[PDB]
Amino acid sequence: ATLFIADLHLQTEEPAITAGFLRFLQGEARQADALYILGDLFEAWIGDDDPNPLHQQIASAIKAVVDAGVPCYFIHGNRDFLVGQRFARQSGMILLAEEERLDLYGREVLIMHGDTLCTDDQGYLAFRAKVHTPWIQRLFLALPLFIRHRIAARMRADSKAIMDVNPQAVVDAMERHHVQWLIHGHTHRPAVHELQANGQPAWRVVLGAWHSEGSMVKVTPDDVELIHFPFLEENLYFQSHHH
Ligand SMILES: CC(=O)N1CCc2cc(S(=O)(=O)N3CCN(c4cc(C(F)(F)F)cc(Cl)n4)CC3)ccc21
Ligand SMILES: [Mn+2]
Ligand SMILES: [Mn+2]
C-alpha cells in the first residue's frame, strides 16, 4: 500500500500533532511501499538553515522511515514552499514538482498540494506568484535569520487579520495528465468527489488537516482508502455503565 498525508501544519505550539506524526512514522509508515507528503507538513518555513529544533526532530524521524526501506516524497504546500535540498538530505525525502503523475499498482494518479486549483482566490494567487518568483525567494533567503523570523511573524499576523477548488481547473489538470484519479490537500475538506475527465468517470480524493486527529489516503491494488485515526494510542478503559 502507498500512503499519502498532507496539511499537518506542524509547529512547536502544537506538540500533540507532532506526537501523533511521530507515532505514525514509527508504526503505520514502516509497513508502506512509499510515503508521499503533499505539502503543508509545517505551518511555516523560512529556510533550511533555521535551527528550529522541531525541524531536526522531524527530519530524524522521517529519515528513520527512509532507512527502514520506505521511500518518502514531498510536494511543497503554500506554507512550506521554502523547504529545500538541505532539509531533503537531512530527512532522506525526495522533493517532487508541484504536479506529479504516479503509477500506483496500475492506476495513473495525479498528486499535488491543491492550492493551484483555487483559481477563484485572486488575492491568494497574487501572493503565490510573489513568493514563488525565484529572485524574490533568493532575496528573502539571503536575509539574516532573525530578519526572516520577524518578516514571517508579521506576515502571518497580517493574514490572520480556505477557498475551495475551481471545478474546471480540476478537469483541466486531470485531462492535462490524462488520469482518472487525483489526490490533493490544502482545502482541509477530506472527501471523494466523482466527476468526468477524458470522457470517463474520474475521482478527486482530498486529504484532511491534522487538527484533532490524523488523516491519510491509502492506495492498494484493490481500492483507495480515506482513513481517519487518532494521534495517540487511545488506551481503552471501562466505566461501569448500568442497564
Ligand atoms: C496564503 C499563504 O500561504 N500565506 C499567508 C501568509 C503566509 C506566511 C508563510 S511563512 O510564515 O512560513 N513565511 C513568510 C515569509 N516568507 C517570504 C516572504 C517574502 C517577502 F517578505 F520578501 F515578501 C518572500 C518569500 Cl520567498 N517568502 C516565507 C514564508 C507561509 C504562507 C503564508
Ligand atoms: Mn493546509
Ligand atoms: Mn495548503
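Scroll up to find the structure this text is about.
Rules used in this analysis
Residues numbered from 1 in each chain as written, not as in the entry; some residues may be left out. Chains lettered and ligands numbered in written order. Heavy atoms only, no water. Residues with missing side-chain atoms left out of burial classes, pairs and counts. Pairing = 2+ DSSP bridges. Helix = DSSP H or I, 4+ residues; strand = E, 2+ residues; numbered from the N terminus. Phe/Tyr/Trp six-rings, centres within 6.5 Å; stacked < 30°, edge-to-face > 60°. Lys NZ or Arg CZ within 6 Å of the ring centre and 35° of its normal. Donors = N, O, S within 2.8 Å, 3.2 Å for Na, K, Ca; no water. Buried < 20%, exposed > 50% of the residue type's maximum accessible area, 1.4 Å probe, protein only.

### Considering the sheet that holds strand β3 (residues 72-74)
One open sheet accounts for six strands, arranged β4-β3-β2-β1-β10-β11; its pairing is mixed. A single partner strand is all that each edge strand has here, and the edge strands are β4 (94-95) and β11 (224-229). As judged from the four bridges shared by strand β1 (residues 2-5) and strand β2 (residues 34-37), these two strands associate in the parallel manner. Residue pairing in the sheet places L3 in a bridge with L35 of β2.

### Some remarks on the packing of aromatic side chains
If you walk through the whole model with that rule in mind, you get twelve aromatic pairs. Consider the rings of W210 and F231, whose centres lie 5.9 Å apart with planes at 20°: the pair is stacked. Taken as a pair, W210 in the loop between β9 (200-206) and β10 (214-219) and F231 in the segment after β11 lie far apart in primary sequence, 21 residues in all. The rings of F21, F24, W210, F229 and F231 are connected pair by pair, giving a single aromatic cluster. Over the ring of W181 we find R107, and its NZ or CZ is 5.1 Å from the ring centre.

### A few points about the coordination of the manganese ion (ligand 3)
Looking at the metal site, the manganese ion (ligand 3) is ligated by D40 (OD), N78 (OD1), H113 (NE2) and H186 (ND1), spaced 1.9 to 2.3 Å from it. Separating the manganese ion (ligand 3) and the manganese ion (ligand 2) is a distance of 3.3 Å, and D40 donates to both of them. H186 gets classed as buried once you look at its relative accessible area, which sits at 7%.

### Regarding the environment of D103
If you trace the backbone, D103 turns up in strand β5 (residues 100-104). Separated by 23 residues in the primary sequence, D103 and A126 have C-alpha atoms spaced 33 Å apart.

### Regarding the pairing of β9
Here strand β7 (residues 181-184) pairs with β9 via four bridges, running parallel. Looking at β9, one finds that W181 is bridged to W203. Where strand β8 (residues 191-197) and β9 come together, seven bridges link them in antiparallel fashion. Pairing of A197 across the sheet is with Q200, part of β9. Linking β8 back to β9 in an antiparallel pair, the connection comprises two residues, with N198 at a positive phi of about 60°.

This is a description of form; function is not addressed.
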